[PDB]
Amino acid sequence: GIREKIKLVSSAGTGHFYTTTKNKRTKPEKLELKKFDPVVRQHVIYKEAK
Amino acid sequence: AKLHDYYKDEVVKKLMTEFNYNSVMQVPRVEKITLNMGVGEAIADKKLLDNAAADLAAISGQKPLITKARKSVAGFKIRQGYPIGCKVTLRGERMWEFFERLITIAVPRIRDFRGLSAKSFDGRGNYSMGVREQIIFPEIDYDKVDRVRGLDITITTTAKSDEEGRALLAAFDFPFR
Amino acid sequence: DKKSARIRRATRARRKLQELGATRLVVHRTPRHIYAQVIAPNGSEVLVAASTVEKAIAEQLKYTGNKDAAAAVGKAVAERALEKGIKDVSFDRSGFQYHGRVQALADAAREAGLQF
Amino acid sequence: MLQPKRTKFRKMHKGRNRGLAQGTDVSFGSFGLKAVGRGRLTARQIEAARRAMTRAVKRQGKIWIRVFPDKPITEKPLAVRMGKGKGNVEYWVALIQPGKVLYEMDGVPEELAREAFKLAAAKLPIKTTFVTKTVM
Amino acid sequence: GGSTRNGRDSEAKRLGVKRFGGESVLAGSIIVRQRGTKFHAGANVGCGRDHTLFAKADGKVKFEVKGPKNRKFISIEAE
RNA sequence: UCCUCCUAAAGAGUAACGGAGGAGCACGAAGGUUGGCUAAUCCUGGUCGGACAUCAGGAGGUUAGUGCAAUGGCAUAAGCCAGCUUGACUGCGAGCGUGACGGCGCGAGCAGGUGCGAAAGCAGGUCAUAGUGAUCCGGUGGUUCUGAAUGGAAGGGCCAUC
RNA sequence: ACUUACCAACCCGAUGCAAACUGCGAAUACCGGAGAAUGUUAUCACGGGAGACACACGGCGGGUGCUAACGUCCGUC
RNA sequence: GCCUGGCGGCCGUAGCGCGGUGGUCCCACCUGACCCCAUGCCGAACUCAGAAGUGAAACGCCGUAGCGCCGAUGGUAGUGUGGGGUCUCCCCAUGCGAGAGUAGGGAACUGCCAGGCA
Ligand SMILES: [Mg+2]
Ligand SMILES: [Mg+2]
Ligand SMILES: [Mg+2]
Ligand SMILES: [Mg+2]
Ligand SMILES: [Mg+2]
Ligand SMILES: [Mg+2]
Ligand SMILES: [Mg+2]
Ligand SMILES: [Mg+2]
Ligand SMILES: [Mg+2]
Ligand SMILES: [Mg+2]
Ligand SMILES: [Mg+2]
Ligand SMILES: [Mg+2]
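Residues numbered from 1 in each chain as written, not as in the entry; some residues may be left out. Chains lettered and ligands numbered in written order. Part of a larger assembly, values for the part shown. Heavy atoms only, no water.

Per the deposition metadata, cryo-EM was the technique used to determine this entry, at a resolution of 2.6 Å.

Encoded structure:
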């Protein structure tokens with residue numbers, strides 16, 4: 001269970017965030033995705049993935 | 001080129017008269033000449049495989065393909081997806097060009113007293129031998145190269161049987177003996 | 001061999017169209033000619049057809065087997081389908097790449113007015 | 001003693017023994033010994049019966065064995081409570097239906113095969129009878 | 001060694017034929033986990049992510065065998 | 001505690017200190033879509049190379065393969081390779097299956113926005129079935145719901161999450 | 001470098017066995033639809049009150065046991 | 001009337017093997033490929049521009065019972081209900097009735113559109 005839980009934070013001013021999991025030793029690079037933000041109702045980038 | 005039109009005019013007539021074919025198409029043709037090395041020392045280091053690719057490119061002209069292991073055989077401690085050999089399948093104008101540069105000069109240099117085996121057919125019409133000496137073709141200098149690894153060629157033909165294949169290859173300059 | 005491979009390529013779409021239940025424009029390409037026909041949703045009856053093997057179309061071109069003849073046949077299919085009144089057909093490539101001569105015919109029909 | 005070289009499973013359900021035998025014809029030899037009742041038939045019994053007729057004819061003719069012990073039989077120790085898992089295999093047995101042919105012989109006279117099969121039947125637990133190859 | 005430890009709740013196999021549920025898409029008319037011998041006949045909507053067949057709107061449920069390999073499909077007669 | 005098979009008597013369900021095996025994960029691609037491809041094994045010929053590495057041809061037609069135990073599936077591929085991508089989206093959801101209940105599961109279709117494709121279309125994670133822990137208590141972010149004389153604040157509620 | 005009083009894979013023919021084998025396959029049972037007769041609604045829903053959750057033996061199909069037990073554990077009458 | 005191409009019905013009595021045969025059209029081979037497009041390398045495949053030549057391969061058609069395939073009647077096994085026996089297994093009345101095997105069959109049939117030939 002070395003895989004750990006991280007949260008993807010919307011780049012917009014909204015505080016909305018998603019949650020997922022990722023391996024730390026294999027891919028330490030930050031994860032960047034494009035997901036729907038229900039507050040602004042648009043697809044935006046997400047960050048903050050250790 | 002020259003041997004392409006030489007197969008076109010004459011040669012084909014020789015085989016036609018020999019085997020009494022009803023149709024011109026019944027005469028066997030040549031589709032491809034496959035060059036293969038399969039060094040196998042890639043398990044030691046990748047530079048040997050790179051050098052092998054360069055050497056085979058020297059003869060071919062464009063680039064070789066790298067063949068991966070189809071199984072993880074423990075006997076040869078090979079791993080699936082591990083490139084252990086290189087290959088080329090030239091075709092058409094380049095095929096005839098290499099066949100010319102092979103037959104004309106390289107084969108006479110290959111043990112003139114022996115040449116190659118007369119019986120080297122699989123049974124359908126294919127015709128293959130190992131050069132074993134990559135210096136014959138001289139296109140590229142070999143006083144600088146490091147290894148003297150060999151080489152293998154296989155001529156594919158649409159011949160029905162070994163007799164037809166041998167007759168076709170005899171029609172060319174292939175001395176067999 | 002090649003024909004079997006083409007049929008293997010085309011089967012999935014061929015029957016996905018019948019699952020959706022829609023009239024399909026099927027195209028058969030050969031080195032010398034090209035054919036197109038509109039097949040009904042049940043896949044048993046032909047509504048419209050046109051190719052380069054008929055006197056018309058084929059007697060007013062350079063050589064059957066090029067993109068110009070493909071465009072002519074597409075125009076013919078579009079006009080005849082419009083005459084019959086059928087609309088909203090689903091084009092199928094029948095295992096051929098969409099970029100070749102099959103690009104035409106399809107383009108010609110959709111510009112003619114058939115709802116690709 | 002006869003038993004399989006390897007077993008896919010080491011223990012098997014008890015099961016029942018119903019119906020008539022399938023192989024009821026003399027196929028390999030000229031004379032045969034076929035059962036009339038039903039019951040178990042152990043490897044030890046088969047081996048002893050084989051020796052009976054083999055030594056009865058010494059060195060003459062050929063002998064076939066049609067049955068084979070396939071299913072294992074378990075048995076728990078003496079002073080053991082009920083339960084605590086299934087017992088452990090002790091011997092192998094062959095289920096035989098009435099009409100099953102057990103042994104056959106070819107290269108011997110009838111008057112000697114009869115006595116050899118009599119001796120073998122003496123060892124066998126189930127009752128048997130002597131049959132001839134005949135035709136279809 | 002070791003026994004018991006058997007899975008539980010093997011779900012279900014067959015949920016009906018003909019106008020048994022009928023109304024709406026239903027969620028039966030399938031052997032879950034089966035796929036083979038129970039395919040969508042086009043008339044009923046395709047499998048779920050767990051290989052579950054279901055209806056479109058209404059109608060009778062029928063079973064047929066057709067096509068190469070002699071596979072069995074479930075169709076629905078719209079009414 | 002959970003998953004697979006038999007026992008289990010051709011709908012479901014069905015016990016024993018009955019007979020056999022696994023799980024307490026993994027993947028940012030091993031997901032989505034478009035395009036393409038087809039296995040194991042054996043035989044013949046050929047430098048190192050041989051029982052087995054790679055090459056050509058011929059038999060064979062899935063005995064191959066699946067991220068992981070077993071069953072059921074898979075050629076249309078659910079198996080193999082490449083391009084672009086984030087639908088591993090948000091709010092709902094007729095209808096249904098399975099449970100004493102708590103609950104668990106499948107789901108067409110609607111609204112918003114998005115990816116692949118020429119288009120028809122597909123996509124609400126992975127071939128499916130294990131990879132899990134109620135309530136209470138508290139922590140973090142958002143909210144303009146409450147705020148004990150009034151204005152604030154503390155605390156509480158609601159949404160996400162530990 | 002020949003020999004073989006030796007064993008033996010694959011393949012072909014014949015012969016058996018399997019709860020965890022199936023290129024086959026019933027009788028029953030179950031689900032759904034239509035119809036006649038018969039049955040004091042025998043069916044379902046809601047509400048008030050319960051008791052009960054130690055079962056026994058016989059037949060049939062089984063697991064376990066030694067197809068032993070007035071043994072033991074299931075299915076159905 | 002035939003012959004050919006495309007899309008279907010059906011899913012081996014529809015397959016495989018062996019022999020023969022087809023080029024007006026169609027189909028496939030087939031020529032070239034500076035380009036559209038492409039090969040983990042290769043106009044092999046995909047793709048483009050053509051019609052000199054050949055039905056050799058492939059494909060269509062015809063014959064052939066070597067194999068695959070289908071397959072009765074009868075008997076047998078099993079089984080629901082009722083009854084019986086020496087009851088671990090059977091029998092009788094009645095209802096249902098296999099699998100395997102035998103005789104035998106079998107070298108598919110069929111719808112729509114288009115073209116060549118009357
Ligand atoms: Mg059951
Ligand atoms: Mg039952
Ligand atoms: Mg119960
Ligand atoms: Mg996957
Ligand atoms: Mg695809
Ligand atoms: Mg996938
Ligand atoms: Mg899986
Ligand atoms: Mg206040
Ligand atoms: Mg708060
Ligand atoms: Mg109790
Ligand atoms: Mg009880
Ligand atoms: Mg008791």
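1. Section: the overall build of chain B
Inclusion rule: Secondary structure elements follow DSSP: runs of H or I no shorter than four residues count as helices, runs of E no shorter than two count as strands, and numbering proceeds from the N terminus. Between buried and exposed lies partly exposed: a residue is buried under 20% and exposed over 50% of the maximum accessible area for its type, with that area taken using a 1.4 Å probe on protein chains only. Residues count as neighbours in contact if any of their non-hydrogen atoms are within 4.5 Å of one another. For the accessible areas, the method is Shrake-Rupley and the probe is 1.4 Å, while residue cover comes only from the protein chains on display. All tallies of charge rest on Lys and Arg as positive and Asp and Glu as negative; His and the ends of each chain are not included. Just so you know, the charge point we use is NZ for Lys, CZ for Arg, CG for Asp and CD for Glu.
The secondary structure content of chain B amounts to five helices and five strands. On the principal axes, the C-alpha backbone points of chain B span a range of 55 × 35 × 30 Å. A total of 177 residues make up chain B; the buried ones form 38% of that total. Looking at chain B alone, contacts between residues at least 24 apart form 67% of all its contacts between residues at least 6 apart. When the accessible surface of chain B is split by element, carbon and sulfur atoms take 53% of a total near 10,600 Å². If you average the places of the 30 positive and of the 24 negative side-chain charges in chain B, the two averages end up 7 Å apart.

2. Considering the protein's contact with RNA strand G
Residue and element names in this part refer to chain D. Here is the rule we go by: Working definition: residue near molecule or strand if any one of its non-hydrogen atoms lies within 4 Å of it. Here a polar contact is recorded for every N or O atom pair within 3.5 Å, except that within protein the pair must consist of a potential hydrogen donor and a potential acceptor, and residues adjacent in sequence are included only if both atoms are side-chain atoms. Think of it as three bins: nonpolar holds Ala, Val, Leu, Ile, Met, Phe, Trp, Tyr, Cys and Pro, charged holds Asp, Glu, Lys and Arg, and polar takes everything else, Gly as well.
Among the 23 residues in the neighbourhood of RNA strand G, the closest are listed as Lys-11, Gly-15, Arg-16, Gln-22 and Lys-86. The share of sugar and phosphate among atoms of RNA strand G within 4 Å of the protein is 56%. Within the backbone of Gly-87, a nitrogen or oxygen atom sits 3.1 Å from a phosphate oxygen of RNA strand G. In the surface near RNA strand G, the residues fall into four nonpolar, seven polar and twelve charged.

3. A few points about the nonpolar core
Let me state the cut-off plainly: Grouping buried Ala, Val, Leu, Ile, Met, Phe, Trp, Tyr and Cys residues that are joined through side-chain atoms within 4.5 Å yields what is termed a nonpolar core.
Grouped together as the largest cluster of nonpolar side chains are 50 residues, with contacts concentrated most on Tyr-7, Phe-98, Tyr-127, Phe-137, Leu-151, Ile-153 and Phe-174 of chain B. Of all the elements, helix α4 (residues 93-109) of chain B adds the most residues to this core, at eight residues. In contact with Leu-151 of chain B, not counting residues within four places along its chain, are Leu-35, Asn-36, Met-37, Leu-56, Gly-130, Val-131, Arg-132 and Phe-137 of chain B. Grouped together as the second largest cluster of nonpolar side chains are 22 residues, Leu-25, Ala-78, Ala-104 and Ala-109 of chain C included.

4. Overview of the sheet that holds strand β4 (residues 42-47) of chain A
Residues and elements named next belong to chain A. The condition that has to hold: Note: two strands are recorded as paired if DSSP finds a minimum of 2 bridges between them. Axis geometry follows a simple rule: fit a line to the C-alpha atoms, using only the stretch in contact for helices, then measure angles between N-to-C directions, giving values from 0 to 180 degrees.
Here four strands make up an open sheet; going across it, the order is β2-β1-β4-β3 and the pairing antiparallel. For this open sheet the edge positions go to β2 (17-22) and β3 (33-37), each flanked by a neighbour on one side alone. Pairwise comparison of adjacent strand axes, ignoring direction, gives a mean angle of 45° for this sheet.

5. Quick notes on the protein's contact with RNA strand H
The environment of RNA strand H is formed by 46 residues, the closest being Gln-62 of chain B together with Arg-24, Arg-29, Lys-62 and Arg-101 of chain C. Atoms of RNA strand H within 4 Å of the protein belong to the sugar or the phosphate in 77% of instances, the rest to bases. One nitrogen or oxygen atom from the side chain of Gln-62 of chain B is found 2.6 Å from a phosphate oxygen belonging to RNA strand H. A distance of 3.0 Å separates a phosphate oxygen of RNA strand H from a polar backbone atom of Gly-19 of chain D. Looking at the surface near RNA strand H, the elements that each hand over two or more residues are β3 (85-90) of chain B, α1 (2-20), β1 (24-29), β2 (34-39) and β3 (46-51) of chain C together with β2 (60-66) of chain E. The residue makeup of the surface near RNA strand H, split by class, is eleven nonpolar, 19 polar and 16 charged.

6. Some points on the packing of helix α2 (residues 12-19) of chain B against helix α5 (residues 162-171) of chain B
Residue and element names in this part refer to chain B. Test applied: Here is the rule for handedness: rotate from the far helix to the near one, and if that takes an anticlockwise turn smaller than a right angle the crossing is left-handed, while a clockwise turn gives right-handed.
Their axes nearest at 9 Å, the elements α2 and α5 cross at an angle of 145°. Remark: the crossing between α2 and α5 carries right-handed chirality. Here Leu-15, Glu-18 and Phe-19 of α2 lie close against α5, whose contacting residues are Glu-163, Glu-164, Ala-167, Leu-168 and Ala-171. Its residues assigned to classes, the contact of α2 with α5 comprises five nonpolar, no polar and three charged.

7. Describing helix α3 (residues 46-60) of chain B
Residue and element names in this part refer to chain B. What counts is decided by this rule: Helix span is expected to be 1.5 Å times the residue number reduced by one.
With 15 residues, α3 extends 21 Å from end C-alpha to end C-alpha; this agrees with the ideal 21 Å at 1.5 Å per step. Tucked into the core, α3 has its buried residues touching β1 (30-36), β2 (65-67), β3 and α4. Its side-chain oxygen at 2.9 Å from the backbone nitrogen of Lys-47, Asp-45 defines the N-terminal cap of α3. Taken from the residues just after α3, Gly-61 is the one with a positive phi, measuring 130°.

8. Considering the pattern of salt bridges
Oppositely charged side chains can form a pair if their charged atoms are brought close together. Test applied: Should a side-chain nitrogen of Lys or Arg be within 4 Å of a carboxyl oxygen of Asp or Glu, the pair is scored as a salt bridge.
Enumeration according to the criterion identifies 18 salt bridges over all chains in this entry. With a shortest N-O distance of 3.3 Å, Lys-16 of chain C and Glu-19 of chain C are connected by a salt bridge. Taken as a pair, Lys-16 of chain C and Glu-19 of chain C lie in helix α1 at a separation of three residues, close to a single helical turn. One salt-bridge network, in which partners are shared between bridges, spans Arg-94, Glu-97, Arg-101 and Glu-139 of chain B.

9. Examining α5 of chain B
Within α5 of chain B the residues assigned to the buried category are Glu-164, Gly-165, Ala-167, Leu-168, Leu-169 and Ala-171 of chain B. Buried-residue contacts for α5 of chain B involve α1 (2-8), α2, β1, β4 (127-130) and β5 (152-157) of chain B.

10. Some words on the sheet that holds strand β1 (residues 31-35) of chain D
All names here are of chain D. With antiparallel pairing, four strands are arranged side by side in an open sheet as β3-β6-β1-β7. Of all the strands in the sheet, the pair left with one neighbour each is β3 (63-65) and β7 (128-132). Between one strand axis and the next, the sheet turns by 20° as a mean value, whatever way the strands run. Summarising the sheet, β1 and β7 pair through five bridges and their orientation is antiparallel. Each bridged residue has a counterpart across the sheet, and for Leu-33 the counterpart in β7 is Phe-130.

11. Re the packing of aromatic side chains
Aromatic ring pairs: the centre-centre distance and the angle between the two ring planes describe each pair. The condition that has to hold: Each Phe, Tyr or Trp ring, with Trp reduced to its six-membered ring, pairs with another whose centre is within 6.5 Å; inter-plane angles below 30 degrees give stacked pairs, above 60 give edge-to-face pairs, and intermediate values give tilted ones.
Within this structure, the stated rule accounts for 15 aromatic pairs over all chains. For the pair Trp-96 of chain B and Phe-99 of chain B, a centre-to-centre distance of 6.3 Å together with 80° between the ring planes defines the contact as edge-to-face. Linking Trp-96 of chain B with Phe-99 of chain B, this pair stays in helix α4, spanning three residues, or about one helical turn. Taken as a pair, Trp-96 of chain B and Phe-99 of chain B share a single burial class, namely buried. For the ring pair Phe-117 of chain D and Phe-130 of chain D, a centre distance of 5.8 Å and an interplane angle of 55° mean the geometry is tilted. On the criterion of sequence distance, the pair formed by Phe-117 of chain D in helix α2 (residues 110-123) and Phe-130 of chain D in strand β7 is long-range, its members being 13 residues apart.

12. Examining the arrangement of the chains
One finds no contact linking chain B with chain C; the least C-alpha distance across the pair is 17 Å. Where chain C comes nearest to chain D, the C-alpha atoms are still 41 Å apart, and the two do not contact one another.

13. Comments concerning the side chain of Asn-44 of chain E
Residues and elements named next belong to chain E. In this structure, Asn-44 sits in the loop between β1 (39-40) and β2. Its relative accessible area of 3% is what places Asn-44 among the buried residues. There is a polar contact of 3.4 Å between the side chain of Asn-44 and the backbone nitrogen of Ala-41. Apart from the residues within four sequence positions on either side, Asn-44 is in contact with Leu-53, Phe-54, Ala-55, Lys-56, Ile-74 and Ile-76.

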